[PDB]
Structure formats: structure tokens, C-alpha cells
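The block underneath contains the structure these notes are about, expressed in C-alpha cells.
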Amino acid sequence: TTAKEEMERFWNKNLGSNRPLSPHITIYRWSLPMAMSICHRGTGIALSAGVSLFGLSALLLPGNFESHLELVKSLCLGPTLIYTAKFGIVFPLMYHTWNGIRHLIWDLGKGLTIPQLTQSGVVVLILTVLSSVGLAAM
Amino acid sequence: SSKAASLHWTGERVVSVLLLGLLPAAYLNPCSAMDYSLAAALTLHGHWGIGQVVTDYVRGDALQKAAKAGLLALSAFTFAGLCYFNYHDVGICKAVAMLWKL
Amino acid sequence: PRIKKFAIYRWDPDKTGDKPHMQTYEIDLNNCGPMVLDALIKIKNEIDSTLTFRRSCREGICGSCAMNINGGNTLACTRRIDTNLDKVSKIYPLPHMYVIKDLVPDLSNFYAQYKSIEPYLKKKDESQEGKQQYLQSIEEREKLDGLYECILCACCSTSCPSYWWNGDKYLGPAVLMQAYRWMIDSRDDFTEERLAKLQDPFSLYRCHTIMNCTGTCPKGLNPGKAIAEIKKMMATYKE
Amino acid sequence: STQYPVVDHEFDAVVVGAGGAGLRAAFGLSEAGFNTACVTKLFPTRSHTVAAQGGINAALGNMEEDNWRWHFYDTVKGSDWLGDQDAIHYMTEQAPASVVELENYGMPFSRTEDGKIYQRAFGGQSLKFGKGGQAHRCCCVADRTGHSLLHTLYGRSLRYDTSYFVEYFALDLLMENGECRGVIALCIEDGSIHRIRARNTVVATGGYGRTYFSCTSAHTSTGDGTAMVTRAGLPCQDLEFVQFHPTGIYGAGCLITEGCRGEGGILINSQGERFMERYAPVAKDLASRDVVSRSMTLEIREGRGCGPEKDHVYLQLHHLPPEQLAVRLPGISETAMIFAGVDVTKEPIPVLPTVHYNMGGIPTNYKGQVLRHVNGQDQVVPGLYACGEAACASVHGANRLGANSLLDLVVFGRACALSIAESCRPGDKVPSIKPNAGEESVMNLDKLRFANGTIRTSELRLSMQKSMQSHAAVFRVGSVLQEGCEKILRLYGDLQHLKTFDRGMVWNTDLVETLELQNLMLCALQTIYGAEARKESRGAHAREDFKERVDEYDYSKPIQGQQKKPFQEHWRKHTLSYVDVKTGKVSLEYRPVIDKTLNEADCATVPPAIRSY
Ligand SMILES: *Cc1cc2c(cc1C)nc1c(=O)[nH]c(=O)nc-1n2C[C@H](O)[C@H](O)[C@H](O)COP(=O)(O)OP(=O)(O)OC[C@H]1O[C@@H](n2cnc3c(N)ncnc32)[C@H](O)[C@@H]1O
Ligand code: HEM
Ligand SMILES: O=C(Nc1cccc(-c2ccccc2)c1)c1ccccc1I
Ligand code: SF4
Ligand code: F3S
Ligand code: FES
């Protein structure tokens, strides 16, 4: 028998069977790298959603950028509440920027051990809180 | 043999390090030339970004192709709007600058 | 006396209308071995011989015991029991796998992926096989350390989220590491085409360096590292 | 008939076992061009040879100048002259050819400055016909040799068109008028019963080390193929001979390699003295496997116990360099840390003599052919073979030498392929079995399916293990064996009173344990009755009543004016054992040892002598 036939025989047997799938997301232990990989995909999706909606409304909405900015001032939100919106933008952007560098270092082949994953991971997490505050109040 | 998938993997890293180099460059040198390059890198890395996401979770002979095109249209509409913005409006660089002193 | 509670995953295909359900067993850690398997054997031999699992070497090199004890995939003969009596140790089969019956996963797909990468020495000269030993330097043998030790227990692949969702097209860390093992092997002459068998969106490039595979490895090997090593070779290899 | 679904498979040759022996026998057949099946109750990689750590002997001469004839002498000398020298010739002659073949498969042997395969010292070996000191011809993959031996052979087996019946517990041989046709095997997967008929059959199921309480062997070493032979009324050879590995963890009984002693490690008592120097001073703690453990077991009784119960000895590796215990020995450095909870670097390891190897098994002609005893002579069972630990070519005889079992597999697994490829052709008339045959294997299976009684299946195994451990241990007297023999016969009567619980079809591990127990008892009864019959001390078998090495001659002085002892007067002969299944009655015969070589001129016959290391 060939490898392909073995793989083909597996699925025909198992898709047409009464066998139950073993739990995976329910039972598996949470870790920092594993949870940090989810947030990188989250910040990726969320970051592209903003980038797409910004350029998409540049073609679909009337008026220039100044008229839309004057519309924001109409709501005249407090300095602390406008800081929250300002913090809300940068936080996923910086997390994905720093963790992106960590990902790119892995592509070179460096820092791929268990002690290093937690170390550089905490470094990214700390660099995210500081840079985002350093940009929200920028 | 024909290095197809490996070149695309490299292509993602090339634009990723470029985009990483363009965030401080757009801050230090804000001009209507850096505006377009940011729109180019932002959309390409974004298209190859969601590209990996679709090829991961979406399983299907027919459903996969529609998402590939549905994303391609949305990416083209994104890149077109940003270039329109850098031409007929304030422009990303000056646009963020205005938003931040609000 | 000392009581220890075990939460074990159970299933029987022969019983009509039976769906997966947990079951508790109480074991005296005093009259039992220091390892998880020692308990699993004890609850079978004495308590209930309906329990099913794969055991053999009971020392940690055969890879039969691959199971999910307390959130992580390791060998049951190596993982020692939590002496903390106020906790119930959860025992499950390898994550996102078809369960043949009770803690026993269908690895026939997993083994077939191992067959596809062709884990054997391939020379351009098959004419001199079985008469002269191929000279390999000690420093070229160093490159194989940490790769040959693999048990094929599958603990790493079955921990990979990407292997869960795409367990059909993506080969996984266990298999991919072996493909690397035959890439840098000094003797092997077929290396470019070994790299060419990975020129598709799934084979190798469905890894996103989640690194959950390396963390769970029973033998302390680094499949994630090795996967990243293959990725670089794909970007460098010429002709 | 159609109660259980029957699937009649047809092949050229079947091989029962996927370990080093069965795997080599399997793909070797396919390489020649035979439509080959491979029936195995475990996945090929998950066999036992994985646990092999020491190495694989071959006189390649990479550290020194070496002659394979020196290795030939080393083996027979260690075999206490119960080894068949025609088989020992064939093995050591092919050793340098078989290992080079394995390296050419890609097996990553440890290397040297020149780039050749690393060789190191091992217990029982010597240069220049036992004169020129210690020998280094043990080829090794840095303390994980067997694992790498099994993985590289398995990987190579995929390069061929072999059929693999993964997780298939074989029950009985398909026998018809003294001819083997194959095997009747239960599929563990779903409970379907398959009959894999073939022109030939190879049986490589390995040791029965699970008959005892404390053993290095895996939970699957249940002497299944031995029993398949015994239930057909075919003889079993030298079953009483059990090798006790001196170095093995006191707790679970896991192996610590003889490579630890080969690298330079010493065995130490509670007093502190190098105690092996006091016993056999010529080779010390690197002597014969039977002799080293003989000294260890004696040392516990005198009062030199190293534990809280004073029932173990120490193995010292502290004096060797710390980074040498990383390059050469990394496997034992981790397994002593996990089980014993002891650092190999600054602490000695608790060791205790445990059941390791079975040189006895299925009688074998050097070609791999299974022999029965017809008319006090040697007759071949047509189409039936055995290789490895399951077999008994008696290449080990009374005591296996240092790391010769991994050689046993590769060489005699090779021979089984070659002896089929020379006798018959692929696509030849595969002899057809009766449409009923194998019915009693299914009926035995079906009686066990709803096995109701008092004594638990698991409890009887535990009652058998302690009965062997207390009676037929390292040392055994006549009186303790006599009570032990009737005690094992008692437990064989408790096979209808046994209780099974799981009554399903899919993955009934409860049912296969009872099948293993049947096979374990069939291996036990002949290990114990054969031991009580043997009235001498030979190799691993040591009787306190008869510490005499009884041969055809007294080999103290030259065989000049000495009377040759009759055949039923001495004990330098193979113990052939039979057993009636219906009453558990043991009958036993004896056949001569082979002293001749394959070529006297090229390889000299080694006459018996007073052997002491
Ligand atoms: C136990 C042991 C042995 C050992 C060793 C360490 C340990 C812990 N270290 C060694 C070493 O360093 N050097 C050396 O030369 N030998 C060493 N040994 C001995 C040796 O490695 C093995 O004991 C011996 O080679 C046995 O190998 P073999 O190929 O004969 O068979 P196996 O590896 O034990 O595996 C048994 C196979 O048979 C199949 N089987 C058994 N019963 C059935 C039934 N019922 N139906 C179908 N198949 C069956 C198993 O599936 C298995 O594949
Ligand atoms: C300049 C800073 C950035 C860096 C250094 C960076 C880095 C990376 C890298 C290396 C990946 C590869 C994914 C992986 O294999 O794990 C990635 C994923 C991704 N990025 Fe970025 N990125 C940056 C900015 C952005 C921005 C601004 C967007 C929004 C348009 C974005 C969108 C995405 C998306 C959608 C993914 C897919 C997630 C995945 O594949 O797992 N990135 N990022
Ligand atoms: O799907 C992904 N992980 C994922 C998705 C959903 C759940 C879990 C998970 C949660 C808890 C325990 C274990 C796994 C993990 C993922 C994340 C980043 C990059 C690529 C991927 I394929
Ligand atoms: S790399 Fe480690 S976790 Fe993965 S299969 Fe091999 S031994 Fe198991
Ligand atoms: S294998 Fe999966 S767990 Fe890992 S390094 Fe690749 S993402
Ligand atoms: S049983 Fe061999 S690894 Fe646990």
C-alpha cells in the first residue's frame, strides 16, 4: 500500500463512523506563547479591519477628512474619554508591531526555546504597555 | 524545483520588515511620497495577512475560492481608497497628525 | 492511607447509544507506583478491567502512552502523579483525534504522513550498498543530535492547533522534524527534492510558530526549532 | 463459521513480529520479491528493541585491529559450550557485513576521528582468542542503539511493498499435517478474525520475560510465538535458561546498560570495595552476564545491602567525566533521573539483578529453519521459521554475550529471508488450509469472551510472577523447584475459573491480557520443569545441589584416557520441552549440541573448557 492510500483509507473509515473526536480547546492547558499567538491573530484581524474601513469610506462617504474631524468635535468628548479612544487604537497596533518583531526573529531561527519564549514574550508584553501609553499621551 | 510557496513566504517577510521600517520613516519624514508607500505596504501585508487566516480556518472545495476572491476585491477596494485619500484629501501622514492633536 | 482521584475519559463503541463520558477512580498512592501509567495499570488490574490504553516499555521510549494528563500531552510512564491530594488529575486522549475506543487514538493517518516524507537514506549510488561504511565526521554527526531521538509518540503534532484544524493536509511537527533529520544528514544525496516535496501552502507552511509542540515534548526535543530550520533552507536552496 | 467474520488473506510469506528480527525478516523477503505480510500486535517502532541501549557487536576493527574469529570464540566461550557453533560461526562471520549494511541504511552510529563507526568495551568480550585483553567491537548509536536500529529498519521497510497488519494479535499457527501455512490472527481494531495463509511463516515474537515479577522487559514480552509453537505440539528449546542483567533499577526494574560498565563504570557494595575484583579478577565488573549477576545476588545475602530494606547494590558512574555522560551515555543519564530520582554525575545508581534475556525459545537450524525432534534426530518443519529472541538457534546457548541480541536479529532475520529465497520462488503454489482449520483458536477466544469465574485474569498473572520470582530465581535448589513445579501446575488448572470483565469487540485489551496469560503459562511451565530436570550449573542456570559443570568429559585434564559419558548421563545437551494443553502435563526430551563449524579450516572448533572470567 502507498502513503496516499493509507491517508485515503483513514478518512473514509472515520468520516463514516460513530467514533467521537477527542476534546482539544476544552481540555488543553493555557500558556503565554499559545495565548499570545491568539492575540497576534486577533490584533492582525482587528488592525486590517480598521485599515480597510478607513480606505473603504474614503470612496463611499461624502466630504473630506477635515469635515469628518469637525464631526468628531461635535460630540466634544472629555480629555480622559478621548484618551481612551486614543489608547484603544494604539494598543493592538503596538502589540502586533512588537510581537511581529519577535516573530521575525524566529524566522532567522533565534530564540526558539521554552525559557526564551516566556522571556521575549514578557518583553513584548511590557514594551506594548509602555509604547501604547507613550503614544496615547504623545 | 519551482520555488512557488517558499518565495511567497519570503515575500511576506520582505514586506513585513519594510512596513516595520516605514512606520518610523513616515513619522520622521512625512511627505506625499511616503504616504503612498505606506498604503502599498499596509494593504499587501494585510492581504497576505488575511490570506493565511482564510487558508487556515476555511475548509472547502467551493467555499475557499469565493473567500479568496471576496478578500481580493476587499483588498483592491482598500488600496484604491488609500490612494484616493493620498490624492484628493489630506493623506495618511498628515491625516494621522491631525487626528492626534484632537 | 492516601486517596487520589483520577478523572478519566471513557468510551465504548460496542455499547449501543453510548456517548463520551468521564469516570472517577480512587487510588492509594502508597500501594501504587510513582507514575501515571502505574495508576492506569492499577485501576485496570484491580478496580476495573474495562479501561483501555496503549502501554509497553513503561520507561519512556516506545511512545504508546501518548495521552493528555492535566492539560498537556506527555508519556504516562514518565509523568509523575501530583501528590497534591486535593486535586483530581484529568486524563484524556490526544487532542482532536478520532477515538477508536477509550483513550486510544487512530494514528493511522499520522503514520501515513511519516511514510510520505520517506525517512530513509537515499544515495545517487545504490550500487555499493552493504559493503563499505559511509564516512561521517563526528562534527557532522553533531547535526543529528536532538533529531534521531524522536519516539513518534505524536504528543507534539496532536498539541498543534494548526494540526487540529488541518490534520489532513498539514504534516505536523513530529513528521516535519524527521524530514529535516534527512535533509542535513551528511550522507543523504536527495535533499533538494526533499525540500521540493514541501512546495505547497500546507505541507510545511501551515506552521505559524505557535511553539506549543516543543513545550509538550516528552523527550525535550525541539520540533518547532527544526521546522523553522527547514523554512530557511526553502528560501536559500538553489538550482 | 460466520459467527465471527473471517477474512482469508493469501500471501507468499508471513512474519509474526515487527521488532528488529521480524522487521528485517519482513522487508528482506520483499527485497527479493516476495509478497510479504507482517502481523504485529504493536506498531513496528513501538516494539521492544527500542529499549536496547548497549549496542550491536561486529568485528569491524575501528578502534583496533580485529578478527571476527575472535568474536566467534568470545560467544561460544560465553555460551558455556551449550551454544551451537555452526550458528555462532554464521553470526560472527556476517556481523561485519550486517552492520555495514545498517550504516548504509542511514543508521547514525556514533563516530570517531577517522569517521568510522564507534566501538567500545562490553561484558564478555576479548581480543586474540581470550588472551589479548579487552575488545572494542560493540557498535553503538550513543546509548540509544536499538531505538535507532528499529527506526532505520522501519524507515527502510517502507521502501518496499510489504503488507503491515498493525495491532493484530496472532493466536495460533495454521498447521496441516506437520506443515505450517501461516497464522490465525485477531484484529485488535474491531474483533474480526483473519487467516493470513502463506507458503512460509517466520515467527519473531521475542522474549517471554513477563513470566517473572521483576524484569527489564516490556509489558508485551509475553512469549506469544513460543506458545503458538507449543500448542501445535512442536518442541521448545533451552527454556529454563534465563539471563539476569546485573544492572537494572531497583524500583520499576528498568534497564541500565552494560555500556555503563563498558565505558568504565564499576559496581559498588555498601562497604565501598570494588567487589567484582574479589570474585572474578581477570575481567572484573566487565565479565560474563551470568557471572556478574551471580556475584551480585550472592553479595545481597551476606549482608552487603545498599538500601533501607538492604536488597540492592550500587552502580558507580561518578568517577567518569561529567561531559562523557552526555556524549556517550545520555539515555541512562535521563532514565535514572526520572525513575530513581538520582543524578548520574555525583551519585551512584541503585541496581538489582532482574530477568532480561531468553536464549531459549523455538529450536532453529542456522538457516533460520524451525526444527522438531523426530526419532532422536533433527527434522525440519517445512515452511516454518523463527528469528531473534523468539528463536533458539542457541547462538547464545547457556548465556548470551554482551550486546549479541541486536546481532541475533539482523543476521538471523537476514537468514530467514535468504533461506526462503533459495528454497522456493515468489508466486509459487501457496498451500491451501482447510475451510475449518483454526476453529479451536476461535473457540478458545470465545470461551474467554464471556470468561466467568472467581480468580481474576490480572490476579492470576500476579500469582504466577511471584511464583517464578521466589522459586526459579538466580539460584535454585532441587527442593524449592519441586514445590515450584507443582505450584505452576496448580495455576494452569485455574484457567477455567478465571474472570474476565470487558466483553466488547473493539480494542478488548482485557481479552488479549488473558491470551497473553495463556502464552505466559505455556512459557512458564517449561521454564520451571526444565530447570528442575537440569542437574548441573551451566551459565545462567546455577544449581546449588550440583555446582558441577557436567559434560561428556571432565575437562580439567586432557581427554586422553577418559571414558566418554553416555547421552542420558551428562547434561551438555539442549532441553526440548513439550506440554499437553488439556492437563498441563509436561513431557521433555533432549537433543545434542552442535560442536562443528560451517568450515573447520576457516573457523576452528572450540573444545569445551573450564570457563571463568
Ligand atoms: C528488554 C531489553 C532487551 C534488550 C535491551 C534492553 C532491554 C530493556 N538492550 C539490549 C542491548 O543493548 N543490546 C542487545 O544486543 N540486546 C538488548 N536487548 C535484547 C534485545 O534488544 C531484544 O530483547 C530482542 O532483540 C527482541 O527482539 P525481537 O525482534 O525478537 O522482538 P521484540 O523486539 O521483543 O518485539 C516483539 C514483536 O513481536 C510482536 N508480537 C508479539 N506477540 C505477538 C502476537 N501475539 N501477534 C502478533 N505479533 C506479536 C510484537 O508486536 C513485537 O513487534
Ligand atoms: C510594522 C509593524 C508590523 C509588523 C512587524 C508585523 C508583523 C507580522 C508578521 C511577521 C506576521 C506573520 C504571521 C505569522 O506567521 O505569525 C503578521 C501577521 C499579520 N499581520 Fe502584521 N505586522 C505589522 C503591522 C500590521 C498592520 C498595520 C496590519 C493591518 C493592516 C497587519 C496585519 C496582519 C494580519 C491580518 C496578519 C495575519 C495573522 C497571521 O498570519 O497569523 N500587520 N504580522
Ligand atoms: O488557530 C489558532 N489557535 C487556536 C485557535 C483556537 C483555540 C486555540 C486554543 C485555545 C486553548 C487551548 C489550546 C488551543 C488555539 C492559531 C492562532 C495563531 C496562529 C495560527 C493559528 I492555526
Ligand atoms: S518530536 Fe517529541 S513530542 Fe514529537 S513525536 Fe517525537 S518524541 Fe513525540
Ligand atoms: S508545529 Fe504547530 S505547535 Fe508549532 S512550531 Fe509549528 S505551530
Ligand atoms: S509506554 Fe513506552 S513510552 Fe510510555
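Residues in the C-alpha cells are numbered from 1 in each chain, the chains being A, B, ... in the order shown, and ligands are numbered from 1 in the order shown.
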
| field | Nearby residues, ligand 3, 10 Å, only C-alpha atoms and all ligand atoms, as a ChimeraX atom specification | value | /A:24-31,33-42 /B:52-53,55-57 /C:71-72,95,159-166,206-210,212

Export of the given selection (C-alpha atoms) as a PDB file, in the first residue's frame:
ATOM      1  CA  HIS A  24      -8.840  19.864  22.229  1.00  0.00           C
ATOM      2  CA  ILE A  25      -9.654  23.510  23.072  1.00  0.00           C
ATOM      3  CA  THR A  26     -11.709  22.484  26.128  1.00  0.00           C
ATOM      4  CA  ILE A  27      -9.023  20.350  27.768  1.00  0.00           C
ATOM      5  CA  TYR A  28      -5.670  21.801  26.688  1.00  0.00           C
ATOM      6  CA  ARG A  29      -3.548  23.822  29.120  1.00  0.00           C
ATOM      7  CA  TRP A  30      -3.277  27.577  28.546  1.00  0.00           C
ATOM      8  CA  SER A  31       0.191  29.087  28.178  1.00  0.00           C
ATOM      9  CA  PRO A  33       3.046  31.814  23.951  1.00  0.00           C
ATOM     10  CA  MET A  34      -0.139  29.963  22.976  1.00  0.00           C
ATOM     11  CA  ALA A  35      -2.372  32.797  24.237  1.00  0.00           C
ATOM     12  CA  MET A  36      -0.005  35.405  22.742  1.00  0.00           C
ATOM     13  CA  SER A  37      -0.295  33.717  19.339  1.00  0.00           C
ATOM     14  CA  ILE A  38      -4.098  34.075  19.510  1.00  0.00           C
ATOM     15  CA  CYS A  39      -3.878  37.798  20.320  1.00  0.00           C
ATOM     16  CA  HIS A  40      -1.468  38.329  17.397  1.00  0.00           C
ATOM     17  CA  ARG A  41      -4.107  36.851  15.057  1.00  0.00           C
ATOM     18  CA  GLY A  42      -6.731  38.938  16.856  1.00  0.00           C
TER      19      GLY A  42
ATOM     20  CA  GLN B  52      -3.085  32.897   5.816  1.00  0.00           C
ATOM     21  CA  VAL B  53      -6.196  33.187   8.018  1.00  0.00           C
ATOM     22  CA  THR B  55      -6.271  29.140   4.100  1.00  0.00           C
ATOM     23  CA  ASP B  56      -6.307  28.045   7.770  1.00  0.00           C
ATOM     24  CA  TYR B  57      -9.864  28.034   9.141  1.00  0.00           C
TER      25      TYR B  57
ATOM     26  CA  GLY C  71      -3.799  19.764  30.006  1.00  0.00           C
ATOM     27  CA  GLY C  72      -0.535  18.595  28.417  1.00  0.00           C
ATOM     28  CA  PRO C  95      -6.416  16.289  21.369  1.00  0.00           C
ATOM     29  CA  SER C 159      -0.859  19.617  20.564  1.00  0.00           C
ATOM     30  CA  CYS C 160      -0.555  21.826  17.479  1.00  0.00           C
ATOM     31  CA  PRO C 161      -3.719  23.869  16.853  1.00  0.00           C
ATOM     32  CA  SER C 162      -2.820  24.068  13.151  1.00  0.00           C
ATOM     33  CA  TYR C 163      -2.606  20.258  13.051  1.00  0.00           C
ATOM     34  CA  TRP C 164      -6.045  20.020  14.712  1.00  0.00           C
ATOM     35  CA  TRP C 165      -7.815  22.118  12.074  1.00  0.00           C
ATOM     36  CA  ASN C 166      -5.706  20.867   9.162  1.00  0.00           C
ATOM     37  CA  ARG C 206       0.832  25.782   7.817  1.00  0.00           C
ATOM     38  CA  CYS C 207       3.096  26.257  10.821  1.00  0.00           C
ATOM     39  CA  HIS C 208       2.737  29.707  12.364  1.00  0.00           C
ATOM     40  CA  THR C 209       5.415  29.124  15.041  1.00  0.00           C
ATOM     41  CA  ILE C 210       2.892  28.697  17.884  1.00  0.00           C
ATOM     42  CA  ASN C 212       3.108  24.562  21.578  1.00  0.00           C
TER      43      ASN C 212
END

| said: Neighbouring residues of range 76-84 of chain B were defined as those with any atom within 10 Å, considering only C-alpha atoms; residues of the same chain fewer than 6 positions away were excluded. Please report them as number ranges by chain. | reply: A: 48, 51-60; B: 35-44, 46-47, 91-92

| Mind listing the residues within 8 Å of ligand 4, only C-alpha atoms and all ligand atoms counted, as a list in words? |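 Final answer, ordered by chain and number: residues 63, 74, 147, 149, 150, 151, 152, 153, 154, 155, 156, 157, 173, 174, 175, 177, 213, 214, 216, 217, 218, 219, 220, 221, 222 and 223 of chain C.
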
| query | Hey, which residues come within 6 Å of ligand 1 if we count only C-alpha atoms and all ligand atoms? Could you give them as a ChimeraX atom specification? | reply | /D:16-22,39-42,44,47-49,51-56,168-170,204-207,216-217,224,255,356,388-390,403-406,409

| Backbone DSSP call of helix (DSSP H, G or I) for chain A, listed as a VMD selection string | chain A and resid 3 to 15 32 to 60 65 to 73 79 to 108 114 to 136

| said: Taking only C-alpha atoms and all ligand atoms into account, list the residues no farther than 6 Å from ligand 6, as a list in words. | reply: residues 55, 56, 57, 58, 59, 60, 61, 62, 63, 64, 65, 75, 76 and 77 of chain C
